[PDB]
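Asks: Protein chains in written order, with the entry's author numbering: chain CK, 170 to 226; chain BK, 52 to 337; chain AK, 51 to 337; chain BB, 52 to 337; chain AB, 51 to 337; chain CB, 34 to 337.
My questions all concern the structure below.
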Amino acid sequence: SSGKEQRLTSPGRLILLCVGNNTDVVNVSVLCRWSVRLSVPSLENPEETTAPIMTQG
Amino acid sequence: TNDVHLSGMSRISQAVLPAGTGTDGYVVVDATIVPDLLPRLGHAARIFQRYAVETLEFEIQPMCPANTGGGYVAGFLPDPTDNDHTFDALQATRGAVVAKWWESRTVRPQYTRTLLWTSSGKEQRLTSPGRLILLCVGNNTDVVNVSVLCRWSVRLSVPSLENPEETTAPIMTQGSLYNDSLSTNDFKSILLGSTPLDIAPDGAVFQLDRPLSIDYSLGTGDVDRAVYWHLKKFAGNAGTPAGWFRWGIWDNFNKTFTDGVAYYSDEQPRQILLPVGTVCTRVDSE
Amino acid sequence: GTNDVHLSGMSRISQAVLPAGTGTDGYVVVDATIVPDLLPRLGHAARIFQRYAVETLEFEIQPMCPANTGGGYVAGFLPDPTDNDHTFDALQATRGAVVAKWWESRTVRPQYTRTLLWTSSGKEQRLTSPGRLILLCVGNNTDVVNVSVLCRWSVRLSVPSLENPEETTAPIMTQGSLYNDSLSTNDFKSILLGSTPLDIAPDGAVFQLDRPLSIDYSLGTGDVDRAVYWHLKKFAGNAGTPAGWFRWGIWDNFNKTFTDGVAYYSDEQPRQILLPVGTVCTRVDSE
Amino acid sequence: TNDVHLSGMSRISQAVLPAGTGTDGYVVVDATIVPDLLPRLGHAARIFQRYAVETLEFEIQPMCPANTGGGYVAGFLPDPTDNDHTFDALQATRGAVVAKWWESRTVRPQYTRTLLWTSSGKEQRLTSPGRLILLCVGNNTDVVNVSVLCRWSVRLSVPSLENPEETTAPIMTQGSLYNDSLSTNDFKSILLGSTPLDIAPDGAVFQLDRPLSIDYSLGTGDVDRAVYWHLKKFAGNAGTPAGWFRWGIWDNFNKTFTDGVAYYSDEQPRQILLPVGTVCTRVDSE
Amino acid sequence: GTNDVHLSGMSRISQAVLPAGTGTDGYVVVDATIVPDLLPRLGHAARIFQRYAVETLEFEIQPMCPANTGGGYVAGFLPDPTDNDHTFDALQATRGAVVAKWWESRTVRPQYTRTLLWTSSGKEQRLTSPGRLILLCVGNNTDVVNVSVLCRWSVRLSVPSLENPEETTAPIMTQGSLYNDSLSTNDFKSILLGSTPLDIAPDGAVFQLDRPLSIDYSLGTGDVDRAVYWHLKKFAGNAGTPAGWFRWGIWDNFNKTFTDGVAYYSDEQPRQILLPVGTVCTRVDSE
Amino acid sequence: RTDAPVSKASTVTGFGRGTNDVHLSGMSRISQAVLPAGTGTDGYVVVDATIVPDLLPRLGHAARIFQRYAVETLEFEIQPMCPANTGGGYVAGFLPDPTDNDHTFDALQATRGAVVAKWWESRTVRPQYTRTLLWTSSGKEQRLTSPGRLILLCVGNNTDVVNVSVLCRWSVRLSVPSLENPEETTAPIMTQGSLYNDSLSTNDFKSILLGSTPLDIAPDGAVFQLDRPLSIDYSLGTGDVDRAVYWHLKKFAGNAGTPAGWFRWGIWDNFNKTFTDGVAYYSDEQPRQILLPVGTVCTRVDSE
Ligand SMILES: [Ca+2]
Ligand SMILES: [Ca+2]
Ligand SMILES: [Ca+2]
Ligand SMILES: [Ca+2]
Ligand SMILES: [Ca+2]
Ligand SMILES: [Ca+2]
């Protein structure tokens with residue numbers, strides 16, 4: 170369930186930046202291979218499970 | 052060591068649900084667990100900043116005649132953030148129990164068991180191990196006077212002196228307040244969808260984390276806008292059991308409430324004033 | 051030495067000057083909320099890693115004044131950073147708390163819970179800060195006291211990162227209710243909020259709010275409109291009012307500059323609270 | 052102990068050498084190794100006075116299409132004093148590498164491994180273990196955007212607070228400035244023969260360790276002499292890629308530049324103004 | 051006992067007197083760059099050997115003043131002799147650094163890297179000096195403070211030599227830019243450079259420069275010539291200007307005497323810097 | 034059977050793997066003097082040689098391939114040639130600081146190894162030296178490129194001509210592989226004499242005036258460069274006093290009448306390896322000026 174502090178619901182974020190100027194079209198895809206263990210039994214409505222987003226403008 | 056262990060058994064809360072009121076789903080206690088709510092621990096917590104839960108059990112204790120023939124479900128939800136009182140949510144928890152109104156039962160929850168703070172803060176996952184909800188499962192035939200007891204043991208860690216108006220649990224709205232639901236000076240508590248607010252005594256004062264905007268007029272056909280951050284509970288009675296809230300100004304030094312400006316509705320567009328998830332701390336002394 | 055380092059140092063936390071006779075029982079002389087940035091050598095290290103955990107804290111008071119001054123103070127470390135109760139009894143409750151004469155240095159040696167913290171500030175503050183050192187008077191000071199507070203610290207920095215110099219300063223909770231009675235058309239007094247971090251903030255400073263500042267205005271025509279501002283800017287106080295004043299408006303962010311954008315209307319309105327106790331004022335300006 | 056070990060990987064520098072520019076010899080990065088240049092270490096060094104190098108490797112990382120068909124040579128010269136960017140000088144060092152522009156390579160230098168200072172000083176053999184130079188070996192067909200990465204570990208020794216304008220590496224001139232090469236108000240950066248100066252951003256201010264003498268006139272046919280110690284870089288563009296320098300006065304308190312007097316040439320004898328080996332520290336904040 | 055000796059002693063580094071009310075936050079009261087000669091018993095030993103390495107350093111502050119004085123100071127040992135940043139925060143960063151009231155003696159106990167040094171001074175100064183002790187104010191001093199700074203040292207002298215008494219004194223880096231606006235025809239103010247070693251240097255003193263002092267002049271005829279001087283001489287300051295003044299010219303070296311050789315022209319010229327920040331002024335006079 | 038790529042990969046294999054160390058040794062004459070009878074008054078500093086690979090010829094060349102060197106053994110021999118009836122005395126010793134400029138009998142005897150003897154006897158000076166690793170390329174600090182200097186002073190007055198020769202027997206280990214141009218491998222030299230603009234000629238000046246034992250016995254056509262600028266007072270030709278700034282000198286050989294020689298200022302154009310001469314000094318009623326102060330560092334820049 171999402172909360173007020175994000176440091177508690179996400180382990181961090183994956184960012185990818187350009188390093189030069191591409192001469193051509195670039196088709197990048199970024200795959201995450203995960204394994205995780207779910208600990209506590211409960212029923213959480215899908216409205217609260219979403220991640221919060223901060224504007225930067 | 053500097054740490055202090057403390058254990059006791061204490062009434063978390065007591066509801067009376069009268070004859071015939073109440074129907075499957077009807078939330079009859081919704082209590083966010085924090086030391087203030089646990090009587091003897093209440094005072095111990097006022098001394099340190101940090102507590103950690105060592106043991107927690109709730110013993111349900113309902114009082115009615117043997118022929119009462121209703122029912123309840125109880126349980127403990129570990130997420131003080133999770134705001135979902137449905138039976139399905141409860142039945143999903145560990146500890147959860149069901150019984151007839153005349154039967155006591157003991158819920159044995161699973162809880163955080165880690166180091167928490169005594170005084171309230173932004174993220175309330177650090178102030179509480181969870182919350183206990185008890186609901187109706189049928190229609191109660193008779194008056195039941197349910198008293199839920201909690202046997203608890205805790206570890207208190209760093210010494211401190213704590214402001215008692217800070218120790219209280221923040222209450223969250225469950226329902227939106229629309230501008231078209233305001234009376235001239237007040238509105239019905241039930242709109243906010245919150246049992247703890249609905250049962251907060253007469254004269255409780257609450258500060259909001261979101262502004263309450265009140266459109267008013269000088270009486271010239273001219274609409275103006277005011278802002279308020281405080282509400283006062285005006286007690287509920289048989290006709291309006293949830294009671295009412297007046298907006299206004301809380302003076303924190305003098306500890307006094309002043310009612311705010313009258314609402315004037317004049318062909319305004321539909322608006323959301325207090326969205327669901329508005330937070331409401333008790334700021335008045337107890 | 052890839053991920054963990056121990057650093058120790060000591061560093062000035064804050065300096066205050068009490069004019070003669072200023073201050074009284076309970077006058078708050080310094081409320082310093084702790085964060086790696088505020089302590090100088092450390093702040094550089096906390097920019098390298100994004101996690102830190104405190105291992106020793108100690109504060110030395112070192113107030114300087116003549117031997118005759120004869121007022122008093124009390125200092126302590128208050129481990130909740132959330133805790134805004136600045137009463138004497140609540141300060142003396144803190145472990146290590148010391149009370150002495152203005153011409154006596156002392157050393158407060160507290161206990162803290164030694165959790166892992168974050169360097170970059172986020173929403174919940176008990177995850178970015180071990181607490182806040184408070185110092186307050188206990189009598190009238192007879193002479194000018196130029197008090198410096200030092201902090202001896204050792205700390206363990208943990209996760210390699212490179213932070214941006216903007217996110218590191220910790221926000222400020224307002225302590226007092228700002229009524230609209232107290233407004234002036236261009237600006238308002240700092241002391242009204244009652245937060246000593248705001249009261250001391252240097253001029254040309256800009257603070258973003260978490261709640262909206264609602265400004266009344268009119269171009270003319272005897273007509274009252276209503277406007278909204280999320281920012282504040284500090285304009286330095288003068289001997290008459292040391293508090294300083296706050297001017298609202300617009301902090302263009304791409305710009306790197308403030309625009310006052312303040313219009314007010316003083317009229318017969320019903321008394322209102324624009325920015326209530328608990329309003330969170332983050333420092334947004336250039337650094 | 053009081054000593055602090057620190058390790059990381061960090062971009063030492065990044066050049067773009069565009070299409071067709073650049074020819075065997077063309078120095079594309081010349082970076083004097085000091086902690087300021089290494090980003091994360093940059094901040095750690097601002098705290099102590101002394102650092103010592105434990106490990107150093109540079110990983111070259113060029114970015115271009117596979118068909119680029121130029122080439123480079125890289126290496127690490129251990130003498131921060133030695134001022135010789137030729138291929139032959141590089142090929143003599145240990146670690147040195149050569150490759151096509153599309154290939155990354157890792158230079159493994161040998162370095163002092165002894166105790167050095169964080170802040171700059173007269174003898175720069177105590178501030179730096181050496182310098183890495185990367186040159187062209189052919190003519191590059193395409194745009195290459197080379198990003199040279201350095202994996203480093205160091206030991207930092209005595210705590211201190213360091214003025215950041217002092218931490219920077221002094222740049223040395225490679226070519227003499229002659230009086231007859233001055234324009235009325237400026238001169239071309241390329242004359243000084245220094246890549247780090249040539250690529251220093253617009254508005255960089257530098258102090259010289261040698262006086263810049265400017266002959267001027269009042270406009271009476273009377274030649275007079277002025278002295279200046281500061282230069283301001285005015286950015287280079289496609290027409291003049293090295294850019295230009297104006298002499299003048301740097302005000303250290305206000306952190307401002309004032310342009311100096313115009314140069315007047317009037318049948319003067321040949322003169323050397325700024326001999327090769329003139330030292331040029333960055334004084335302006337970054 | 052042919053080559054190595056241990057010596058320990060303690061010795062006065064410097065004395066300063068602050069007139070009443072002189073000094074303010076950050077006023078630099080004493081900047082003493084350490085060298086065997088400055089410490090008296092040692093200086094005699096360092097004449098015998100040509101290599102020395104420091105094993106313990108400790109400074110005791112001992113300022114003398116009335117109990118009421120009530121300003122403050124901060125003192126520390128700054129191990130780079132090259133470091134010219136004299137800010138408070140930069141001094142408090144130094145290990146062992148102490149802050150106290152003007153009527154409190156203190157002891158600064160630092161860490162130093164304990165390298166082998168040279169006794170005879172040469173170009174790079176981090177090979178002749180372990181660093182420099184700095185002391186500066188932290189408030190306005192109410193009374194006259196007559197501060198003495200002591201230094202307790204133990205050191206290891208290593209290579210047998212016999213030095214000449216002229217090479218042993220360490221040179222001085224100028225801190226401030228000397229504009230030609232500030233010139234007077236016969237002399238200039240010492241405070242403009244901002245180097246406390248220069249500001250304090252006793253009169254009749256002679257200092258050679260590493261950069262050229264460019265003096266404008268004219269015999270007459272409304273004609274501006276240009277001249278060059280490498281030297282300076284100190285002429286004592288007076289209560290009105292404590293800084294003192296510097297008079298350029300010629301230090302005949304066979305002579306053992308100064309010759310002013312100063313000519314100036316004050317005219318409409320474009321503002322210039324004759325001696326910029328970092329100018330090295332070596333003490334050349336007789337000893 | 035491999036496919037055709039867009040680009041093959043580099044195959045530049047053995048690169049950056051050059052020979053690393055070399056021990057190397059020999060014995061080299063480090064100076065020679067001849068003193069006619071009257072000269073050689075007590076204390077006359079007959080010799081003063083700052084030790085640097087370049088002074089030891091064979092070594093000097095090897096040193097242009099490595100960046101460091103460290104001394105493994107040194108001794109000096111003294112070996113004056115003169116007959117038994119010469120009644121003068123000398124004193125030699127190696128000063129382990131290359132910067133130390135005070136040459137007194139007292140300051141030598143103080144040095145470990147130092148020797149004292151009448152002119153007709155040979156002597157070996159077994160000195161004390163750093164045995165750490167210095168640099169081959171010259172630098173700003175001398176303490177880092179030289180282990181010290183060997184000085185030899187007269188002790189009485191020679192009755193007769195003295196033919197002293199001073200040989201240095203060395204062994205050294207060269208540490209770091211690199212390529213160092215012969216311009217930077219030269220040793221810097223400090224003047225010990227002020228140059229006044231009253232003591233001048235239109236285009237040159239005396240070398241004894243600078244008061245430096247090296248610059249005195251420096252060779253012909255030898256272009257130098259300075260750290261400090263030189264101020265030359267020239268003219269437009271209207272009785273006008275203008276100012277000129279030159280950085281470079283040129284050595285011209287000396288005489289039996291003028292032991293040391295001349296020094297013509299000018300311009301060392303390094304791009305093209307040539308030397309222009311400096312403008313006609315304007316003699317004038319100009320205030321007395323020290324053009325180059327005591328301690329001016331002069332570093333040789335022309336091709337060696
Ligand atoms: Ca949940
Ligand atoms: Ca608390
Ligand atoms: Ca972070
Ligand atoms: Ca330093
Ligand atoms: Ca010496
Ligand atoms: Ca070299």
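For each residue, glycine too, the CB sits at the ideal point set by N, CA and C.
Please list, in chain order, the chain AB residues whose beta carbon lies closer than 9 Å to that of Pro69(AK).
Replies: Per Cβ cutoff of 9 Å: no residues; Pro69(AK) is ~12 Å from chain AB at best.
Asks: On the premise that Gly189(BB) lies in contact with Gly121(BB), defined as a C-beta separation below 8 Å, what is that separation, rounded to the nearest angstrom?
Replies: Right, the Cβ-Cβ distance comes to about 4 Å (below 8 Å), so this counts as a contact.
Asks: Taking the straight line between their C-alpha atoms, what separation do you get for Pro292(AK) and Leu185(AB)?
Replies: 30 Å
Asks: My assumption, with CB atoms under 8 Å, is that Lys284(AK) sits in contact with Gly294(AK). Please give the rounded CB distance.
Replies: Their Cβ separation, rounded to whole angstroms, is 6 Å, which keeps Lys284(AK) and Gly294(AK) in contact under 8 Å.
Asks: Where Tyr102(BB) and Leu207(CK) are concerned, what is the direct C-alpha to C-alpha distance, given to the nearest angstrom?
Replies: Rounded to whole angstroms, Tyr102(BB) to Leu207(CK) spans 46 Å at the Cα level.
Asks: Closer than 8 Å is the cut-off here; do at least three beta carbon pairs connect the stretch 93-100 of chain AK with the stretch 164-171 of chain AK?
Replies: yes
Asks: Confirm, please, whether the CB-CB distance from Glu213(AB) to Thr157(AB) is below 7 Å.
Replies: no
Asks: Which runs of the beta strand (DSSP E) fall wholly inside the stretch 240-269 of chain BK and span at least 3 residues, in chain order?
Replies: 256-268
Asks: Taking 7 Å as the threshold (beta carbon to beta carbon), is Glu174(AB) in contact with chain CB?
Replies: yes
Asks: Determine the extent of the beta strand (DSSP E) in which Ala96(BB) is found, giving its start and end residues.
Replies: From DSSP, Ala96(BB) is part of no beta strand (DSSP E) but of the alpha helix (DSSP H) over 90-96.
Asks: Which residue comes first and which comes last in the alpha helix (DSSP H) that contains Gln161(CB)?
Replies: Note, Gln161(CB): premise wrong, no alpha helix (DSSP H); not H, not E.
Asks: Is any heavy atom of ligand 5 found at a distance shorter than 6 Å from the C-beta of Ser336(AB)?
Replies: no
Asks: Using the rule of at least 16 other Cβ atoms within 10 Å of the residue's Cβ for burial, across every protein chain shown, is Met60(AK) buried or exposed?
Replies: buried
Asks: Taking Cβ to Cβ, would you say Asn196(AK) is nearer than 7 Å to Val67(AK)?
Replies: yes
Asks: Could you give the distance in angstroms between the alpha-carbon of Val85(AB) and the alpha-carbon of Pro247(AB)?
Replies: Near 13 Å, if we compare the C-alpha coordinates of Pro247(AB) and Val85(AB).
Asks: Indicate whether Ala70(BK) and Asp260(BK) have their beta-carbon atoms separated by less than 7 Å.
Replies: Cβ distance not < 7 Å, so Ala70(BK) and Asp260(BK) don't count as in contact.
Asks: Output the distance between the C-alpha atoms of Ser64(BK) and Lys151(AB), rounded to the nearest integer angstrom.
Replies: Inter-residue distance for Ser64(BK) and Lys151(AB) is about 58 Å (C-alpha atoms, whole angstroms).
Asks: Could you check if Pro38(CB) is buried or exposed, using at least 16 other CB atoms within 10 Å of its CB as the buried criterion?
Replies: exposed
Asks: List, in chain order, every chain BB residue whose beta-carbon is nearer than 8 Å to that of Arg164(AB).
Replies: None at all; the shortest Cβ gap to chain BB is about 11 Å.
Asks: Buried or exposed: which applies to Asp139(BB), given that a residue is buried once 16 or more other Cβ atoms fall within 10 Å of its Cβ?
Replies: exposed
Asks: Between which two residues does the alpha helix (DSSP H) holding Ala125(CB) run?
Replies: No alpha helix (DSSP H) contains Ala125(CB), which is instead part of the beta strand (DSSP E) from 122-128.
Asks: Counting only the same chain and skipping the five closest in sequence on each side, list residues whose C-beta sits under 6 Å from that of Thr163(CB).
Replies: Same-chain partners within the cutoff: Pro180.
Asks: Measure the Cβ-Cβ separation of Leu200(CB) and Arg62(CB) and say whether it is below 7 Å.
Replies: yes
Asks: Compute the distance between the beta-carbons of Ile265(BB) and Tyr314(BB), then report whether it is under 7 Å.
Replies: yes
Asks: So what's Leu324(CB) in DSSP terms, helix, strand or just coil?
Replies: strand
Asks: How many angstroms separate the CA atom of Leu128(CB) from the CA atom of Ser58(BB)?
Replies: 42 Å
Asks: At a threshold of 6 Å, does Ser170(AB) count as lining ligand 5 (C-beta to nearest heavy atom)?
Replies: yes
Asks: What number of angstroms, rounded off, separates the C-alpha of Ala117(AK) from the C-alpha of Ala147(AK)?
Replies: Looking at the two C-alpha atoms, the distance is approximately 23 Å.
Asks: Are the CB atoms of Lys306(AK) and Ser336(AK) within a distance shorter than 7 Å?
Replies: yes
Asks: At what residues does the alpha helix (DSSP H) containing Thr83(CB) begin and finish?
Replies: From DSSP, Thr83(CB) is part of no alpha helix (DSSP H) but of the beta strand (DSSP E) over 80-83.
Asks: Please state whether DSSP places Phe138(BB) in a helix, a strand or coil.
Replies: helix
Asks: Cβ closer than 7 Å: which chain BB residues qualify as neighbours of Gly226(CK)?
Replies: Ordered by position in chain BB, no residue passes the 7 Å Cβ test against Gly226(CK), which lies about 27 Å from the chain.
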